[PDB]
Amino acid sequence: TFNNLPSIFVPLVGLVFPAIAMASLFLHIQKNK
Amino acid sequence: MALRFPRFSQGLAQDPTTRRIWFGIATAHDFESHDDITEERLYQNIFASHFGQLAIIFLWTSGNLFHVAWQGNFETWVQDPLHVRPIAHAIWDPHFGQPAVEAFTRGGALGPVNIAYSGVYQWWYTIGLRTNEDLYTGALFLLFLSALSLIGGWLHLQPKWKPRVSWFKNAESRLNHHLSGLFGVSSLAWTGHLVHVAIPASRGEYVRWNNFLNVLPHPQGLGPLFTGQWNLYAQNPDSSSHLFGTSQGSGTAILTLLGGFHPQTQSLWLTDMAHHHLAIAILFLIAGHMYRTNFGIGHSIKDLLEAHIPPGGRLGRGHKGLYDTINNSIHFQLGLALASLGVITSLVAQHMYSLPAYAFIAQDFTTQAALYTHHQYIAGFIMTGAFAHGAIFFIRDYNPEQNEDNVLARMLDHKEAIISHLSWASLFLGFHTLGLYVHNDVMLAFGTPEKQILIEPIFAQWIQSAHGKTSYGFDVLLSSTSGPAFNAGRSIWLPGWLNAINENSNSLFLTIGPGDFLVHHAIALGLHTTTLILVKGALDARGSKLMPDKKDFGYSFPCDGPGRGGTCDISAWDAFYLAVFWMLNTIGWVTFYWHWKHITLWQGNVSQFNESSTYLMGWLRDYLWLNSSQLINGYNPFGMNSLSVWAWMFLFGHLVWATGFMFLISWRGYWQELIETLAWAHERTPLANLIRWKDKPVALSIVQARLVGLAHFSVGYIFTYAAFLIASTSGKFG
Amino acid sequence: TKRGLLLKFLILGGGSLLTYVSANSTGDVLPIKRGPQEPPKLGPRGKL
Amino acid sequence: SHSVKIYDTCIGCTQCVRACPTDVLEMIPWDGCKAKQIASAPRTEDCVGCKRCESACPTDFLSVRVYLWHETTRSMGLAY
Amino acid sequence: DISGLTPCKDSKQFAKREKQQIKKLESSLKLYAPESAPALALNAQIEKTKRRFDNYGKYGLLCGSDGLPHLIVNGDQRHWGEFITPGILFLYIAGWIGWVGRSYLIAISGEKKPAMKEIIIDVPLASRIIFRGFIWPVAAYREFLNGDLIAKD
Amino acid sequence: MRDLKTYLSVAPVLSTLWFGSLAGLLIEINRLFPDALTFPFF
Amino acid sequence: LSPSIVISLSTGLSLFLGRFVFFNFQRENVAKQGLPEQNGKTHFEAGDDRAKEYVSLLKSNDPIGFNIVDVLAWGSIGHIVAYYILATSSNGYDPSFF
Amino acid sequence: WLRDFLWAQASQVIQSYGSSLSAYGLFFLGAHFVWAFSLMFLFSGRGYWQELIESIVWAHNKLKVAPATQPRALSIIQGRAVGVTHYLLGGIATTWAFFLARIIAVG
Amino acid sequence: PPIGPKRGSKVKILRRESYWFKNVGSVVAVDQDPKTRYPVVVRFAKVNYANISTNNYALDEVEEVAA
Ligand code: CLA
Ligand code: CLA
Ligand code: CLA
Ligand code: CLA
Ligand code: CLA
Ligand SMILES: CC1=C(/C=C/C(C)=C/C=C/C(C)=C/C=C/C=C(C)/C=C/C=C(C)/C=C/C2=C(C)CCCC2(C)C)C(C)(C)CCC1
Ligand SMILES: CC1=C(C/C=C(\C)CCC[C@H](C)CCC[C@H](C)CCCC(C)C)C(=O)c2ccccc2C1=O
Ligand SMILES: CC1=C(C/C=C(\C)CCC[C@H](C)CCC[C@H](C)CCCC(C)C)C(=O)c2ccccc2C1=O
Ligand code: SF4
């Protein structure tokens with residue numbers, strides 16, 4: 001399963017990691033200590 | 001330090017608006033302007049950031065190596081290189097339709113793939129690196145170097161290893177080590193690679209890490225070097241019949257100075273490059289041991305600058321006090337650094353096409369165009385940054401009382417003369433270059449091309465004839481056999497150099513004509529005008545008659561209000577911002593000239609360029625309209641081809657190049673008074689009063705919007721021309 | 001209801017379902033996982 | 001918020017204050033000019049930054065001088 | 001024969017360009033009556049073309065492989081007429097203009113409101129000043145030696 | 001005519017007169033000596 | 001001339017120039033430049049705790065003051081000029097001006 | 001639109017050179033220019049040009065050729081006016097040359 | 001004694017931050033109060049960017065020209 005690895009990582013970097021980063025950085029943007 | 005996201009700045013953290021987000025993104029790497037900053041902490045953040053950049057560089061190179069090793073046809077490319085397409089990386093786009101999968105399947109691949117127009121195939125094949133396991137090993141090693149640079153950048157932020165401010169200001173030991181080791185020992189080690197590996201790899205045998213301690217790069221082995229008989233390293237130069245990658249016609253020499261190109265690859269000899277890197281290694285290792293560090297010998301750069309005051313005072317106080325305005329000022333260091341880097345990047349671009357070092361890189365035409373365009377746009381940007389950081393130095397770091405009457409204050413003493421004579425040279429060049437181009441446009445329009453003003457570039461043809469080009473009949477130092485230059489070098493390198501330059505098919509000192517004159521003067525106009533804008537913003541960075549207190553406003557500020565007639569775009573930042581436009585124009589000219597001259601050379605009809613480069617409808621018809629057919633037909637209604645992505649990127653670059661015009665033409669005030677209506681509507685729309693912003697949505701700031709328009713503009717410029725230059729050069733390939 | 005346990009759940013569930021349904025997607029839903037399904041044509045100038 | 005610092009080249013013409021749409025400026029007594037008054041700036045926290053004060057300052061360059069700085073909701077001209 | 005360029009009276013591509021343009025004009029000449037006015041204008045253009053190519057032949061112009069007159073601006077005497085003899089004829093005339101408009105600006109520099117003579121040009125004063133720039137080079141030379149060319153601030 | 005010579009002395013009227021005369025001069029020169037690319041008179 | 005003879009003679013004639021001929025000039029130029037000055041102070045005086053001019057390596061005895069660093073310097077010049085001689089002689093290159 | 005309209009129909013305006021429509025060819029490019037010439041005005045601001053002008057005014061004071069009508073950069077509103085003016089002129093004249101060359105050379 | 005230049009004396013400017021820096025002007029009036037910091041009112045032939053031809057200058061920000 002090595003021709004299937006692009007199918008794993010292109011969503012995981014391009015859809016999932018952007019959701020993670022956008023959510024985390026939006027929380028960091030609006031935080032207040 | 002602060003509370004909200006710009007922790008480095010409690011002025012943006014205490015900003016209720018959305019400007020907080022943007023400006024905290026932008027000013028993140030401006031450590032000099034952060035809160036609670038010291039020179040020590042500034043230097044340490046710079047050092048750790050340099051480590052991070054080196055880590056990202058090695059990671060990006062490891063990614064190239066991995067995606068050529070995993071998804072590349074590199075093992076097939078090293079068999080028949082000049083008739084097998086490189087493969088950058090695979091593609092898994094779930095939006096692709098089946099025709100686009102049928103179309104993007106290239107290079108004999110199991111699926112759709114992207115063609116490496118970057119030249120990493122040719123370069124890696126030239127330095128050894130035959131099988132894909134070698135590229136895998138290289139990617140592993142560069143991942144290791146990325147982790148090493150990250151480790152170093154974290155380690156040199158801890159207190160036990162945080163270096164001191166006076167350690168980054170050791171401007172003699174650093175030059176000593178970087179010349180001797182970073183420049184000299186590294187060139188020496190690259191000679192070691194070229195001798196132990198790349199020359200044996202070009203001549204058959206694969207000397208790898210397991211069997212490099214028991215093979216001889218030269219059959220004698222260190223007898224010639226230690227005994228001084230260095231000519232023994234130039235005995236069998238694998239003359240005129242060597243097949244790259246096989247032992248047929250190979251040789252034993254490792255440092256022979258031959259000059260000119262390989263006959264097969266039309267690249268330079270690996271023996272030539274080995275001897276080259278060896279020679280500059282000796283020169284840099286010698287030049288390293290110059291600056292005094294710890295040992296009681298060497299120069300102090302202070303007492304070289306302090307001592308270079310001419311009697312008579314034509315300069316003034318000379319360089320008296322200039323060690324302190326560079327050692328204590330990181331923006332002077334950065335400006336000089338980017339100046340040198342832009343000069344040598346342009347040099348890289350100008351020499352890699354005419355003296356290609358890699359095997360079969362002159363034979364793939366899209367690669368050379370992509371590389372020249374890349375390094376020249378990079379060089380123009382790096383040059384613009386050199387000047388921008390000189391302006392930032394003049395504002396932030398320049399101390400006039402410390403450098404009174406020296407060679408640097410004398411810039412500001414007569415800055416009007418510099419700016420006005422640059423404004424003369426650029427104005428002359430534009431008036432006359434455009435006048436001649438328009439004269440020729442009208443002559444071709446009126447059907448009388450014989451009336452054109454075709455000024456031959458005699459002064460460049462004379463230099464070409466001073467290098468052995470026997471295409472003009474000037475009979476100069478190297479075109480004349482009876483000369484001192486064609487006698488002291490006729491036994492060493494002039495045979496190969498003459499037989500390379502006289503070949504009309506390669507890029508070495510192309511046969512030029514009047515179109516080349518005219519476009520060289522357009523190039524001079526671009527360089528002089530970008531220089532004018534940048535120098536004017538650097539010297540008027542501290543102040544002018546319209547705003548003498550500009551230094552108090554910083555580098556980037558919007559304006560000084562409508563008063564005093566109007567002060568739009570008065571900052572030195574704004575000068576930079578306009579100079580990026582003129583820079584992109586200049587590099588567009590140099591690269592249009594390059595790409596059309598070369599695509600006409602590669603096609604065969606140099607006469608096309610020579611008769612069509614003298615009038616601008618020849619550039620619009622025979623270059624932009626003609627070569628963009630196969631591009632814009634990348635996707636037609638009845639099908640698509642492999643250039644569909646370049647057509648889409650072409651139109652994308654058009655779209656963002658046009659979107660930058662929104663931010664450049666349309667300015668603020670209209671948008672704040674629009675977003676006020678939008679905020680009203682959101683606060684009075686039912687089921688959306690529930691949702692309310694936390695950051696008050698203001699329009700973009702002024703200087704920010706100039707930046708954003710410039711970013712859209714440059715992204716579109718670059719993407720459009722990349723798409724056109726790759727699609728046209730890959731739709732036909734010469 | 002628990003937000004900190006809903007954000008984590010949505011992240012690690014959406015990413016899981018996305019990296020799963022893309023992996024086990026046969027060559028009938030999306031064509032990128034089919035392949036060329038055609039003889040690869042030669043490029044210009046032989047192939048270069 | 002902003003920083004409206006003025007300088008001693010002011011002549012006491014009271015135009016910077018008569019242009020100010022936010023009452024940042026106010027004339028005080030002073031002894032450095034023929035008019036015997038100078039334009040202070042107490043309410044700098046109300047400054048929008050419009051620089052009407054220095055588009056009305058009849059000096060060789062300027063006496064009132066607006067240095068744009070940390071932008072608050074009062075300095076970003078926000079009615080919302 | 002400098003810069004690898006055959007002369008234009010000897011260049012076959014130059015004569016081919018002449019013949020091509022002449023045939024292009026004659027193909028437009030057939031559509032009109034031989035005594036008509038468009039036909040006579042086309043014939044005048046034909047003789048203009050022919051004597052233009054003859055004059056580029058006789059004046060030492062050099063033609064390239066494309067077959068177009070190239071200008072050798074380096075300094076060879078044979079081609080001074082291409083750049084230097086016109087160029088001096090420019091720098092004279094141009095230096096006339098600047099020596100006039102400068103001198104005028106010095107003659108209206110000592111007025112009360114000297115800006116209302118910039119937009120309303122004193123034609124008598126300008127006509128007196130215009131021919132001062134006829135032999136401008138000696139005036140500029142001497143004013144450079146006398147220091148009157150550069151203001152002393 | 002008084003104050004008409006001041007109007008004709010104004011920069012645009014004077015510029016159009018000067019450039020009309022100059023353009024007619026250049027135009028009639030190019031009629032007399034058309035298609036010029038060298039100065040052969042020495 | 002054998003290469004050992006060339007190396008030995010050129011090195012000897014280099015540190016002979018360094019010991020006797022070009023000593024007072026080199027040392028007076030050293031004292032003239034003195035040290036790299038970072039903002040008036042030296043590199044070690046301003047801090048950094050690593051740019052201290054080593055004296056345990058420069059204290060070596062000689063009536064004129066020759067140290068091991070000058071032995072390396074005159075002697076690096078020596079081996080360099082020697083290898084220039086050797087390679088330039090071993091390369092049968094014809095300048096062929098005439 | 002880029003291919004079948006702008007690239008395709010703008011063949012007669014580039015082949016216009018020679019036949020009567022050479023002016024439409026010329027007015028293509030010049031219009032293409034003036035539009036771009038406008039971008040000098042819309043993108044920029046009066047402050048840079050006033051400072052460039054004051055450097056040039058220094059160069060003129062150094063030759064006793066200082067004007068009495070003091071050179072000032074265009075008003076901000078006037079820079080915007082010149083910009084939109086040249087922009088409309090160049091774009092509209094480009095389209096005019098394109099249209100008339102195409103349609104006179106095909107119909 | 002009247003301080004400064006006279007009410008018709010020609011003067012030049014040594015103020016770095018002025019529009020008329022190293023440019024001559026005509027002294028309109030000098031305020032004789034020894035408490036005004038900038039008494040020397042100067043009149044210049046050419047306006048600044050604010051369309052203003054005059055400003056008060058100091059005594060040490062001024063230099064009595066020898067013409
Ligand atoms: C709807 C349009 C669309 C979209 C969404 C995509 C989507 C994609 N295409 Mg594209 N493509 C399209 C149309 C489209 N395609 C068309 C019409 C063509 C022409 C036929 C192509 C031709 C094409 C090729 C030839 C290739 C792709 C590839 C890809 C994939 C990129 C892999 C990735 O996510 O890496 C991560 C994405 C990036 C690094 C790019 C984003 C860069 C950002 C904006 C800049 C950084 C901003 C900042 C630092 C970070 C902020 C975000 C942060 C919160 C994380 C992705 C699935 C590639 C692929 O599948 O290889 C793996 C590839 O090689 N496409
Ligand atoms: C000999 C010892 C030595 C060596 C090897 C280095 C090496 C380095 N130092 Mg230095 N350093 C030293 C001693 C040394 N240092 C000492 C003693 C001090 C204290 C005074 C410092 C203080 C210091 C600071 C303060 C910093 C460094 C930095 C760096 C890095 C430079 C960035 C880089 O990658 O440039 C690479 C550039 C080159 C190799 C030059 C190449 C230019 C040529 C002309 C270009 C053309 C050929 C091209 C290479 C061919 C490309 C073809 C193909 C392969 C692509 C590099 C790792 C910087 C850094 O990054 O920190 C991590 C930094 O900030 N050092
Ligand atoms: C096609 C567009 C274009 C053109 C022609 C120019 C032209 C010029 N720019 Mg650039 N500029 C442009 C776009 C353009 N710019 C853009 C898009 C930007 C980004 C904002 C800039 C930013 C910029 C800066 C920041 C600077 C310049 C400068 C200059 C001048 C450079 C000197 C020169 O070549 O003068 C030669 C003259 C020309 C090329 C003018 C062409 C017009 C002809 C020759 C005049 C005669 C035409 C005709 C007879 C008039 C009749 C018409 C009417 C009366 C009916 C010149 C006026 C520099 C400058 O002005 O200093 C000298 C400078 O500092 N420009
Ligand atoms: C760069 C990364 C990237 C990647 C990997 C994808 C991947 C995909 N996109 Mg694309 N997209 C992207 C960027 C990307 N997109 C961007 C930047 C844009 C804006 C231009 C778009 C705009 C776009 C549109 C407009 C559409 C897609 C569609 C699709 C799907 C392919 C259609 C198909 O044949 O499957 C068919 C498969 C299905 C119909 C089933 C969908 C399965 C879903 C996605 C699983 C749910 C996962 C999870 C719970 C939610 C995400 C969690 C989060 C953490 C990421 C595929 C999942 C199409 C689609 O499917 O629409 C939903 C579609 O219509 N995309
Ligand atoms: C700046 C660039 C440039 C240059 C160098 C030229 C140069 C030329 N053009 Mg081109 N042209 C340009 C821009 C340029 N043009 C532009 C921008 C356009 C579009 C508007 C044109 C459109 C164009 C056309 C359509 C034509 C030309 C022509 C010409 C030629 C002019 C022949 C002529 O009538 O002069 C003759 C000399 C004069 C008019 C000067 C006379 C000056 C007076 C009489 C005073 C001199 C005497 C004085 C008292 C001193 C005597 C000395 C002493 C006794 C006192 C010449 C080669 C013509 C030609 O022949 O084609 C080659 C032609 O037909 N040009
Ligand atoms: C603003 C500023 C800045 C920046 C600037 C810049 C960016 C500059 C650049 C510059 C540049 C970018 C330059 C370049 C130059 C070049 C040169 C100067 C050249 C020379 C050459 C030569 C001399 C040559 C010779 C030769 C030849 C000809 C060839 C062969 C060989 C030989 C050697 C013979 C700074 C920071 C500084 C400071 C502050 C201010
Ligand atoms: C269009 C426009 C706007 C409207 C711009 C709005 C307010 C901002 C952009 C709207 C949203 C936020 C689009 C964001 C697009 C990108 C996805 C953001 C990229 C940033 C990430 C890399 C972080 C201005 O506010 C403006 C202000 C001054 C001069 C010119 C202009 C101007 O031309
Ligand atoms: C180029 C430019 C300028 C400089 C433009 C100048 C100052 C205006 C052009 C003036 C012409 C060239 C003056 C000369 C015409 C005279 C009537 C003299 C005639 C005499 C001979 C020249 C014929 C600005 O002032 C400006 C201001 C605000 C935003 C953008 C810009 C902008 O882009
Ligand atoms: S406008 Fe200027 S001079 Fe007038 S009162 Fe205000 S600060 Fe003083």
# chains A, B, ... in the order shown; residues from 1 in each chain; ligands from 1
call {"tool": "residues_near_ligand", "arguments": {"ligand": "ligand 6", "cutoff": "10 Å", "atoms": "only C-alpha atoms and all ligand atoms", "output": "compact mmCIF listing (two decimals) with N, CA, C and O atoms, in the first residue's frame"}}
result
# COMPACT_ATOMS: atom_id res chain seq x y z
N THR B 325 29.31 51.38 12.17
CA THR B 325 28.00 51.50 11.53
C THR B 325 27.61 50.26 10.75
O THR B 325 26.55 50.27 10.11
N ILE B 326 28.45 49.23 10.75
CA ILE B 326 28.12 47.94 10.16
C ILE B 326 28.13 46.84 11.22
O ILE B 326 27.24 45.98 11.23
N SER B 329 25.15 47.49 13.40
CA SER B 329 23.93 47.69 12.64
C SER B 329 23.71 46.45 11.78
O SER B 329 24.50 46.17 10.88
N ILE B 330 22.63 45.72 12.06
CA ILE B 330 22.38 44.49 11.32
C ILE B 330 21.73 44.79 9.98
O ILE B 330 21.75 43.94 9.09
N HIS B 331 21.16 45.98 9.81
CA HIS B 331 20.53 46.32 8.54
C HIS B 331 21.56 46.72 7.49
O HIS B 331 21.35 46.44 6.31
N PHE B 332 22.67 47.33 7.89
CA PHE B 332 23.79 47.51 6.97
C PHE B 332 24.36 46.16 6.55
O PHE B 332 24.62 45.93 5.36
N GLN B 333 24.57 45.28 7.52
CA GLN B 333 25.04 43.93 7.21
C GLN B 333 24.10 43.24 6.24
O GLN B 333 24.53 42.63 5.26
N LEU B 334 22.79 43.37 6.48
CA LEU B 334 21.81 42.70 5.63
C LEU B 334 21.75 43.33 4.25
O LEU B 334 21.58 42.62 3.26
N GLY B 335 21.89 44.65 4.16
CA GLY B 335 21.86 45.30 2.87
C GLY B 335 23.06 44.91 2.02
O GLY B 335 22.92 44.56 0.85
N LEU B 336 24.26 44.96 2.61
CA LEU B 336 25.45 44.52 1.89
C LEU B 336 25.33 43.05 1.51
O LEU B 336 25.71 42.65 0.39
N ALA B 337 24.79 42.23 2.41
CA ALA B 337 24.69 40.81 2.15
C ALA B 337 23.75 40.53 0.99
O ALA B 337 24.08 39.76 0.08
N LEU B 338 22.58 41.16 0.99
CA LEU B 338 21.64 40.97 -0.10
C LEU B 338 22.13 41.62 -1.39
O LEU B 338 21.79 41.13 -2.47
N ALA B 339 22.92 42.68 -1.31
CA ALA B 339 23.51 43.24 -2.52
C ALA B 339 24.43 42.23 -3.18
O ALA B 339 24.31 41.94 -4.38
N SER B 340 25.37 41.69 -2.41
CA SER B 340 26.28 40.69 -2.94
C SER B 340 25.52 39.46 -3.41
O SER B 340 25.84 38.90 -4.46
N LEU B 341 24.49 39.06 -2.67
CA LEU B 341 23.74 37.87 -3.05
C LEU B 341 22.94 38.08 -4.32
O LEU B 341 22.85 37.17 -5.14
N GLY B 342 22.38 39.27 -4.52
CA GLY B 342 21.68 39.54 -5.76
C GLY B 342 22.62 39.61 -6.94
O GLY B 342 22.31 39.12 -8.02
N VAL B 343 23.79 40.21 -6.74
CA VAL B 343 24.79 40.26 -7.80
C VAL B 343 25.21 38.85 -8.20
O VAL B 343 25.20 38.49 -9.38
N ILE B 344 25.54 38.01 -7.22
CA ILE B 344 25.99 36.67 -7.56
C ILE B 344 24.84 35.75 -7.96
O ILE B 344 25.08 34.75 -8.62
N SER B 346 22.24 36.89 -9.92
CA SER B 346 22.22 37.25 -11.33
C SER B 346 23.39 36.61 -12.06
O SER B 346 23.25 36.18 -13.21
N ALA B 379 17.01 37.30 -7.90
CA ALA B 379 18.08 38.28 -7.78
C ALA B 379 17.54 39.70 -7.75
O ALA B 379 18.03 40.54 -6.99
N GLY B 380 16.52 39.97 -8.56
CA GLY B 380 15.91 41.29 -8.52
C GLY B 380 15.24 41.55 -7.19
O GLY B 380 15.34 42.65 -6.64
N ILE B 382 16.10 40.10 -4.31
CA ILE B 382 17.15 40.20 -3.32
C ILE B 382 17.83 41.56 -3.41
O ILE B 382 18.23 42.13 -2.40
N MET B 383 17.94 42.11 -4.62
CA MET B 383 18.52 43.43 -4.78
C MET B 383 17.61 44.51 -4.22
O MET B 383 18.06 45.44 -3.53
N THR B 384 16.31 44.40 -4.51
CA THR B 384 15.33 45.31 -3.93
C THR B 384 15.38 45.26 -2.41
O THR B 384 15.24 46.29 -1.75
N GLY B 385 15.62 44.08 -1.85
CA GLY B 385 15.72 43.95 -0.41
C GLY B 385 17.00 44.51 0.15
O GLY B 385 17.01 45.05 1.26
N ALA B 386 18.10 44.35 -0.58
CA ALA B 386 19.35 44.99 -0.20
C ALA B 386 19.14 46.49 -0.04
O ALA B 386 19.53 47.08 0.97
N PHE B 387 18.48 47.10 -1.01
CA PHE B 387 18.25 48.53 -0.92
C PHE B 387 17.24 48.89 0.16
O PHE B 387 17.40 49.91 0.84
N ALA B 388 16.19 48.09 0.31
CA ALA B 388 15.20 48.36 1.35
C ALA B 388 15.84 48.30 2.72
O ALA B 388 15.52 49.11 3.60
N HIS B 389 16.76 47.37 2.92
CA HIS B 389 17.45 47.27 4.19
C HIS B 389 18.51 48.33 4.37
O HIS B 389 18.81 48.71 5.50
N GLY B 390 19.05 48.86 3.28
CA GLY B 390 19.85 50.07 3.40
C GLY B 390 19.03 51.25 3.86
O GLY B 390 19.49 52.06 4.68
N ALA B 391 17.81 51.38 3.35
CA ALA B 391 16.92 52.43 3.83
C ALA B 391 16.56 52.23 5.30
O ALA B 391 16.55 53.19 6.08
N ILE B 392 16.27 50.99 5.68
CA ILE B 392 15.95 50.69 7.07
C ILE B 392 17.16 50.95 7.95
O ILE B 392 17.02 51.31 9.12
N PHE B 393 18.37 50.77 7.42
CA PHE B 393 19.57 51.12 8.17
C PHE B 393 19.67 52.63 8.35
O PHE B 393 19.98 53.12 9.44
N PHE B 394 19.44 53.38 7.28
CA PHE B 394 19.54 54.83 7.36
C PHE B 394 18.54 55.40 8.34
O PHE B 394 18.81 56.42 8.99
N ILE B 395 17.37 54.76 8.47
CA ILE B 395 16.38 55.23 9.44
C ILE B 395 16.72 54.75 10.84
O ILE B 395 16.88 55.56 11.77
N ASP B 397 19.31 52.60 12.18
CA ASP B 397 20.63 52.27 12.69
C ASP B 397 21.71 53.30 12.39
O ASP B 397 22.82 53.18 12.93
N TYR B 398 21.43 54.30 11.57
CA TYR B 398 22.45 55.26 11.18
C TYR B 398 22.59 56.34 12.25
O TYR B 398 21.59 56.93 12.67
N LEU B 408 30.16 57.69 4.26
CA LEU B 408 28.75 57.34 4.26
C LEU B 408 27.85 58.55 4.46
O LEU B 408 26.78 58.63 3.85
N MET B 411 27.13 60.55 1.31
CA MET B 411 25.97 60.19 0.51
C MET B 411 24.84 61.18 0.72
O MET B 411 24.32 61.78 -0.23
N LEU B 412 24.46 61.38 1.98
CA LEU B 412 23.38 62.29 2.31
C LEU B 412 23.76 63.74 2.09
O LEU B 412 22.87 64.59 1.96
N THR B 531 17.02 51.33 -9.44
CA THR B 531 18.06 51.92 -8.61
C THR B 531 17.69 53.32 -8.18
O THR B 531 17.94 53.71 -7.05
N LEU B 534 15.00 53.17 -5.47
CA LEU B 534 15.48 52.60 -4.23
C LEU B 534 16.49 53.51 -3.55
O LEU B 534 16.43 53.72 -2.33
N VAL B 535 17.44 54.05 -4.31
CA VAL B 535 18.43 54.97 -3.76
C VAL B 535 17.75 56.23 -3.25
O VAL B 535 18.14 56.79 -2.22
N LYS B 536 16.74 56.70 -3.97
CA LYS B 536 16.03 57.90 -3.55
C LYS B 536 15.27 57.66 -2.26
O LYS B 536 15.21 58.53 -1.39
N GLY B 537 14.67 56.48 -2.11
CA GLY B 537 14.02 56.14 -0.86
C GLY B 537 14.99 55.88 0.27
O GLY B 537 14.62 56.07 1.43
N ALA B 538 16.20 55.42 -0.04
CA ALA B 538 17.19 55.17 0.99
C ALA B 538 17.80 56.46 1.50
O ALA B 538 17.99 56.63 2.71
N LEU B 539 18.10 57.39 0.59
CA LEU B 539 18.74 58.64 0.97
C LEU B 539 17.73 59.65 1.48
O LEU B 539 18.08 60.49 2.32
N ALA B 541 15.33 58.53 3.25
CA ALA B 541 14.74 57.77 4.34
C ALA B 541 14.76 58.56 5.63
O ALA B 541 13.80 58.51 6.41
call {"tool": "residues_near_ligand", "arguments": {"ligand": "ligand 9", "cutoff": "10 Å", "atoms": "only C-alpha atoms and all ligand atoms", "output": "PyMOL selection string"}}
result
chain D and resi 5-20+25-28+33+35+37-41+52-65
call {"tool": "residues_around", "arguments": {"residues": "segment 17-27 of chain G", "least_positions_apart": "5", "cutoff": "9 Å", "atoms": "only C-alpha atoms", "output": "PyMOL selection string"}}
result
(chain B and resi 297) or (chain G and resi 12+32+64-66+70-71+73-74)
call {"tool": "write_last_selection", "arguments": {"atoms": "N, CA, C and O atoms", "output": "short mmCIF file (atom, residue, chain, number, x, y, z; two decimals), in the first residue's frame"}}
result
data_model
loop_
_atom_site.label_atom_id
_atom_site.label_comp_id
_atom_site.auth_asym_id
_atom_site.auth_seq_id
_atom_site.Cartn_x
_atom_site.Cartn_y
_atom_site.Cartn_z
N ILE B 297 48.36 37.97 14.79
CA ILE B 297 48.60 38.32 13.39
C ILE B 297 47.26 38.57 12.72
O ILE B 297 46.21 38.16 13.21
N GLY G 12 62.67 27.82 4.34
CA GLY G 12 63.75 28.47 5.06
C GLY G 12 63.91 29.93 4.66
O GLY G 12 64.08 30.79 5.51
N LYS G 32 50.15 48.72 15.14
CA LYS G 32 49.38 49.85 14.60
C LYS G 32 47.90 49.50 14.51
O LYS G 32 47.05 50.27 14.94
N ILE G 64 64.33 38.30 19.53
CA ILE G 64 63.60 39.28 18.73
C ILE G 64 62.09 39.16 18.90
O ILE G 64 61.38 40.12 18.57
N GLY G 65 61.58 38.03 19.38
CA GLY G 65 60.17 37.86 19.65
C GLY G 65 59.43 36.96 18.68
O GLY G 65 58.20 37.10 18.57
N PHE G 66 60.11 36.05 18.00
CA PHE G 66 59.44 35.14 17.08
C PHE G 66 58.60 34.14 17.86
O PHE G 66 59.08 33.54 18.83
N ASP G 70 53.98 33.13 14.00
CA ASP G 70 54.78 33.60 12.88
C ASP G 70 55.48 32.44 12.19
O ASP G 70 55.73 32.49 10.98
N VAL G 71 55.80 31.38 12.94
CA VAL G 71 56.39 30.20 12.32
C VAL G 71 55.38 29.55 11.39
O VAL G 71 55.74 29.03 10.32
N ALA G 73 52.90 31.25 9.93
CA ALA G 73 52.61 32.19 8.86
C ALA G 73 53.72 32.21 7.81
O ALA G 73 53.48 31.95 6.62
N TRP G 74 54.93 32.56 8.23
CA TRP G 74 56.11 32.35 7.41
C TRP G 74 56.43 30.87 7.47
O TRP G 74 57.04 30.38 8.43
#
